[PDB]
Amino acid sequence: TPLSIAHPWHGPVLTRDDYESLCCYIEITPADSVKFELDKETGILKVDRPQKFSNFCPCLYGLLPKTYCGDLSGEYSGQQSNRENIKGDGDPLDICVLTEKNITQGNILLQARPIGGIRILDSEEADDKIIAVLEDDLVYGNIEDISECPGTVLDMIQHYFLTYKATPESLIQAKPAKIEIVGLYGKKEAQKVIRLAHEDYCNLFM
């Protein structure tokens, strides 16, 4: 009998069907004007910072329980991008959940099925974003691979990370992007990226 609410990062079971579907903790929705992040110490959702510019997060954004972007995650990202000395960013694995429904509040769990991801390198750190579709979603529910995902939605998501920290001076001066989008990958690779981040988590917290 669970007497207390479990920490969203350590509590939930990540997967029960060998990563075909995942339990996800949502931190940010399109409705938010600030960036929320799960407070590691307390397990309470916390304001990280207000949105600096004119962006909203264009999907449900959160973390995967029982994942940690660590040694194995960094090495695979480095291998997959032909890069050496790539380390993990030290946080849980980021996931973007596609849904046609309106969710206005974060601090929730949901079931989502991975279809791919965006491999991002941010100054020698792997900052992968898993892309998943909400289970039984009326629009995205039957998408099984990222190649079946509307390219306009992927561009929206890439645009968010490319601009949400870009100063006007940097955009007018055409300064190169501070994050490197190495490209997209599909379901199987995403499941591998999740598998590795889970092993990183298991070794450090279990």
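Residue numbers here begin at 1 and follow the sequence given.
- The stretch 175-183 shows the higher mean C-alpha B-factor when 133-141 is compared against 175-183 in the entry.
- As the entry records it, the average C-alpha temperature factor is higher for 123-131, out of 123-131 and 110-118.
- For the set 27, 32, 41, 48, the maximum C-alpha B-factor listed in the entry falls on 41.
- Comparing C-alpha B-factors across 67, 54, 152, 170 in the deposited entry, the largest value falls on 170.
- For residue 99, the recorded CA temperature factor ranks within the lowest third of the chain's modelled residues.
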